[PDB]
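Data first, discussion second: the structure below is written as structure tokens.
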Amino acid sequence: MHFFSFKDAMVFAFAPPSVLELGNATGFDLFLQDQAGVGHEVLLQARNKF
Amino acid sequence: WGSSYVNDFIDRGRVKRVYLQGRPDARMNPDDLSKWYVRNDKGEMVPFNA
């Protein structure tokens with residue numbers, strides 16, 4: 001709440017995972033990657049369309 | 001004659017190698033070896049014959 005103000009930075013607050021090892025528990029994760037050695041800014045496109 | 005692995009370069013993402021060497025027709029027969037010059041104690045292109 002308090003930290004929601006700051007229009008300079010971008011503060012976030014949260015608690016560690018239950019067990020302290022890369023615990024997204026209920027939360028997926030993923031890597032977009034260019035197998036075809038395409039541009040890096042083509043990746044950015046890919047991510048941003050995502 | 002025996003190539004040289006000089007530098008690394010990049011080919012669309014991947015880092016590869018740059019190789020220095022003499023043209024084919026400058027190294028096929030024993031007499032091609034003479035065709036190669038070395039700058040002397042002072043700037044003098046001395047044929048290998050010497």
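Numbering starts fresh at 1 for the residues of each chain in the structure tokens, the chains themselves are lettered A, B, ... in the order given, and ligands are numbered from 1 as they appear.
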Chain A residues near chain B (10 Å cut-off, only C-alpha atoms) as a list in words: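 Listed by rising number, the hits are residues 34, 36, 37, 38, 39 and 40 of chain A.
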For the residues in that selection, give me N, CA and C atoms as a PDB file, in the first residue's frame.
```pdb
ATOM      1  N   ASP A  34      15.427 -18.832 -28.968  1.00  0.00           N
ATOM      2  CA  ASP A  34      15.509 -18.892 -30.435  1.00  0.00           C
ATOM      3  C   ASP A  34      16.407 -19.997 -30.985  1.00  0.00           C
ATOM      4  N   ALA A  36      16.515 -21.011 -33.895  1.00  0.00           N
ATOM      5  CA  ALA A  36      16.969 -20.698 -35.250  1.00  0.00           C
ATOM      6  C   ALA A  36      17.887 -19.487 -35.304  1.00  0.00           C
ATOM      7  N   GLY A  37      18.686 -19.304 -34.257  1.00  0.00           N
ATOM      8  CA  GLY A  37      19.656 -18.224 -34.215  1.00  0.00           C
ATOM      9  C   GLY A  37      19.155 -16.944 -34.862  1.00  0.00           C
ATOM     10  N   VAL A  38      17.889 -16.644 -34.632  1.00  0.00           N
ATOM     11  CA  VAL A  38      17.302 -15.420 -35.129  1.00  0.00           C
ATOM     12  C   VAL A  38      17.800 -14.278 -34.247  1.00  0.00           C
ATOM     13  N   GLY A  39      17.657 -13.052 -34.733  1.00  0.00           N
ATOM     14  CA  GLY A  39      17.913 -11.858 -33.948  1.00  0.00           C
ATOM     15  C   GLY A  39      17.578 -11.889 -32.462  1.00  0.00           C
ATOM     16  N   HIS A  40      18.191 -10.975 -31.720  1.00  0.00           N
ATOM     17  CA  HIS A  40      17.883 -10.800 -30.312  1.00  0.00           C
ATOM     18  C   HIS A  40      16.671  -9.907 -30.146  1.00  0.00           C
TER      19      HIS A  40
END
```
May I have the residues within 10 Å of segment 27-33 of chain B as an mmCIF file with C-alpha atoms, in the first residue's frame, using only C-alpha atoms and disregarding those fewer than 4 positions away in the same chain?
```
data_model
loop_
_atom_site.group_PDB
_atom_site.id
_atom_site.type_symbol
_atom_site.label_atom_id
_atom_site.label_comp_id
_atom_site.auth_asym_id
_atom_site.auth_seq_id
_atom_site.Cartn_x
_atom_site.Cartn_y
_atom_site.Cartn_z
ATOM 1 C CA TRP B 1 51.223 -22.948 -44.445
ATOM 2 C CA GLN B 21 46.143 -18.967 -43.987
ATOM 3 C CA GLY B 22 47.659 -18.818 -47.462
ATOM 4 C CA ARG B 23 45.515 -19.151 -50.582
ATOM 5 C CA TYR B 37 58.282 -13.123 -48.645
ATOM 6 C CA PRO B 47 62.042 -14.269 -51.100
ATOM 7 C CA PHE B 48 62.291 -17.607 -49.304
ATOM 8 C CA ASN B 49 64.801 -18.720 -51.966
#
```
Residues near residue 16 of chain B, cut-off 12 Å, only C-alpha atoms, skip fewer than 4 positions along chain, as a list in words: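 Result of the neighbour search: residues 5, 6, 7, 8, 9, 10, 11 and 12 of chain B.
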Long-range neighbours of residue 13 of chain A as a ChimeraX atom specification, 12 Å cut-off, only C-alpha atoms, 5 positions minimum in chain: /A:1-4
Distance in Å - atom CA of residue 31 of chain A versus atom CA of residue 8 of chain A: 29.4 Å
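Of the residues in chain B, those that DSSP places in helix (DSSP H, G or I) on the basis of the backbone are residues 24, 25, 26, 30, 31, 32 and 33 of chain B.
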